[PDB]
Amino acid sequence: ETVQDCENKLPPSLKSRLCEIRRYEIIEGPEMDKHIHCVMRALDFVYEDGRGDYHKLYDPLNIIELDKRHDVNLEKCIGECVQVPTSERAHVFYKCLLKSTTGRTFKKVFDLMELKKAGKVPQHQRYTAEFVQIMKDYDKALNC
(Lines of atoms letter the chains of each structure in order from A and count residues from 1; the text may use other names and numbers.)
(Lines give C-alpha, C1' and ligand atoms only; values in the text may rest on other atoms or scores of the structure.)
Protein backbone atom coordinates (compact mmCIF):
# COMPACT_ATOMS: atom_id res chain seq x y z
CA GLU A 1 0.00 0.00 0.00
CA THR A 2 1.36 3.36 -1.17
CA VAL A 3 0.78 7.04 -0.35
CA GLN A 4 -1.16 7.22 -3.63
CA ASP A 5 -3.41 4.41 -2.38
CA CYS A 6 -3.98 6.42 0.82
CA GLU A 7 -4.85 9.50 -1.22
CA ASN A 8 -7.18 7.54 -3.54
CA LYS A 9 -8.98 6.53 -0.34
CA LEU A 10 -9.56 10.01 1.11
CA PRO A 11 -13.13 11.00 1.90
CA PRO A 12 -14.24 13.94 0.08
CA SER A 13 -13.89 16.76 2.63
CA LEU A 14 -10.18 15.89 2.75
CA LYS A 15 -9.54 15.36 -0.96
CA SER A 16 -10.51 18.90 -1.92
CA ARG A 17 -7.68 19.87 0.45
CA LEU A 18 -5.04 17.52 -1.01
CA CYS A 19 -2.56 20.30 -1.77
CA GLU A 20 -2.71 21.69 1.78
CA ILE A 21 -1.98 18.19 3.09
CA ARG A 22 0.89 17.71 0.62
CA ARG A 23 2.43 21.06 1.68
CA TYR A 24 2.77 19.54 5.18
CA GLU A 25 0.11 21.89 6.48
CA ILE A 26 -1.49 20.65 9.70
CA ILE A 27 -5.12 19.56 9.52
CA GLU A 28 -6.86 18.18 12.62
CA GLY A 29 -9.58 15.61 13.22
CA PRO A 30 -9.91 11.88 12.99
CA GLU A 31 -10.16 11.70 9.21
CA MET A 32 -6.71 13.25 9.05
CA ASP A 33 -5.57 10.99 11.91
CA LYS A 34 -6.25 7.97 9.71
CA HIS A 35 -4.84 9.39 6.48
CA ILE A 36 -1.53 10.18 8.22
CA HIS A 37 -1.46 6.72 9.78
CA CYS A 38 -2.03 5.21 6.34
CA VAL A 39 0.80 7.28 4.83
CA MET A 40 3.30 6.94 7.67
CA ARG A 41 2.86 3.14 7.37
CA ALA A 42 3.15 3.34 3.57
CA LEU A 43 6.50 5.15 4.02
CA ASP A 44 7.54 2.79 6.80
CA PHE A 45 8.11 5.52 9.40
CA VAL A 46 5.83 4.14 12.17
CA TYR A 47 5.03 0.78 13.81
CA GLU A 48 1.63 -0.86 13.38
CA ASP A 49 0.11 0.87 16.41
CA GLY A 50 1.41 4.01 14.74
CA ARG A 51 4.38 4.87 16.94
CA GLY A 52 7.39 6.59 15.41
CA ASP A 53 10.28 4.29 14.58
CA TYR A 54 13.47 6.00 15.77
CA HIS A 55 15.59 3.75 13.60
CA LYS A 56 13.73 4.48 10.37
CA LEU A 57 14.48 8.20 10.75
CA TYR A 58 17.74 8.71 12.65
CA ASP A 59 20.27 7.74 9.96
CA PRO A 60 18.27 9.21 7.02
CA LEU A 61 17.89 12.53 8.86
CA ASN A 62 21.54 12.68 9.81
CA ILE A 63 22.80 11.84 6.33
CA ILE A 64 20.97 14.88 4.93
CA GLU A 65 21.59 17.24 7.87
CA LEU A 66 24.07 16.02 10.50
CA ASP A 67 22.71 17.42 13.77
CA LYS A 68 22.36 16.07 17.40
CA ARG A 69 18.99 17.53 17.48
CA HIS A 70 17.48 14.73 15.38
CA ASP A 71 18.05 12.34 18.32
CA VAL A 72 16.50 14.84 20.74
CA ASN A 73 13.50 15.55 18.50
CA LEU A 74 12.91 11.87 17.76
CA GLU A 75 12.92 10.98 21.47
CA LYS A 76 10.59 13.89 22.30
CA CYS A 77 8.12 13.15 19.50
CA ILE A 78 7.98 9.40 20.15
CA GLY A 79 7.44 10.22 23.83
CA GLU A 80 4.46 12.36 22.90
CA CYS A 81 2.87 9.95 20.44
CA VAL A 82 3.07 7.04 22.87
CA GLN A 83 0.90 8.94 25.35
CA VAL A 84 -1.98 9.56 22.92
CA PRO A 85 -4.38 6.83 21.72
CA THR A 86 -3.49 4.57 18.79
CA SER A 87 -5.98 6.19 16.38
CA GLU A 88 -4.03 9.39 16.79
CA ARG A 89 -0.49 8.22 17.34
CA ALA A 90 1.10 8.41 13.89
CA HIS A 91 -0.46 11.80 13.23
CA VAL A 92 0.86 13.06 16.59
CA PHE A 93 4.38 11.78 15.76
CA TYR A 94 4.16 13.49 12.33
CA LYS A 95 2.83 16.77 13.76
CA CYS A 96 5.46 16.86 16.53
CA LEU A 97 8.36 16.20 14.13
CA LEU A 98 7.22 18.92 11.72
CA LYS A 99 7.08 21.45 14.56
CA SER A 100 10.56 20.57 15.80
CA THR A 101 13.82 21.81 14.27
CA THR A 102 13.93 18.37 12.58
CA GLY A 103 10.88 19.35 10.45
CA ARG A 104 13.09 20.86 7.73
CA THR A 105 14.99 17.61 7.22
CA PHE A 106 12.00 15.34 7.89
CA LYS A 107 10.18 16.82 4.85
CA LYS A 108 13.17 15.98 2.65
CA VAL A 109 13.42 12.39 3.95
CA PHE A 110 9.63 12.12 3.56
CA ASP A 111 9.69 13.44 -0.06
CA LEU A 112 12.59 11.12 -0.97
CA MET A 113 10.89 8.06 0.51
CA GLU A 114 7.60 8.87 -1.17
CA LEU A 115 9.17 9.01 -4.61
CA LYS A 116 11.49 6.06 -3.99
CA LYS A 117 8.54 3.86 -3.06
CA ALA A 118 6.67 5.23 -6.11
CA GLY A 119 9.58 4.01 -8.27
CA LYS A 120 10.14 7.57 -9.52
CA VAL A 121 13.74 8.06 -8.34
CA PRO A 122 16.51 5.51 -7.56
CA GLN A 123 16.94 4.12 -4.04
CA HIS A 124 20.16 6.08 -3.45
CA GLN A 125 18.62 9.37 -4.63
CA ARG A 126 19.86 12.40 -2.63
CA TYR A 127 18.08 15.69 -2.00
CA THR A 128 19.36 17.56 -5.06
CA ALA A 129 18.15 20.51 -7.15
CA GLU A 130 17.02 17.96 -9.73
CA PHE A 131 15.08 16.10 -7.06
CA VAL A 132 13.30 19.29 -5.96
CA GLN A 133 12.05 19.78 -9.57
CA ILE A 134 11.04 16.09 -9.81
CA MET A 135 8.98 16.60 -6.65
CA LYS A 136 7.38 19.83 -8.02
CA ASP A 137 6.41 18.14 -11.30
CA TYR A 138 5.09 15.11 -9.43
CA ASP A 139 2.87 17.42 -7.33
CA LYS A 140 1.81 19.37 -10.41
CA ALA A 141 0.46 16.18 -12.02
CA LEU A 142 -1.76 15.97 -8.88
CA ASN A 143 -3.04 19.53 -9.22
CA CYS A 144 -0.62 20.93 -6.64
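The numbering used is simple: start at 1 and walk along the sequence shown.
- Stretch comparison (112-120 versus 25-33) by mean CA B-factor in the PDB entry places 25-33 on top.
- In this entry, 79-87 shows the higher mean Cα temperature factor of the pair 79-87 and 93-101.
- When the CA B factors of the chain's modelled residues are split into thirds, the value for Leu142 lands in the middle one.
- Sorting the modelled residues of the chain by their CA temperature factor places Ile64 in the highest third.
- Looking at the C-alpha B-factors along this chain, the one for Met135 belongs to the middle third.
- In this PDB entry, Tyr47 carries a Cα temperature factor that places it within the highest third of its chain's modelled residues.
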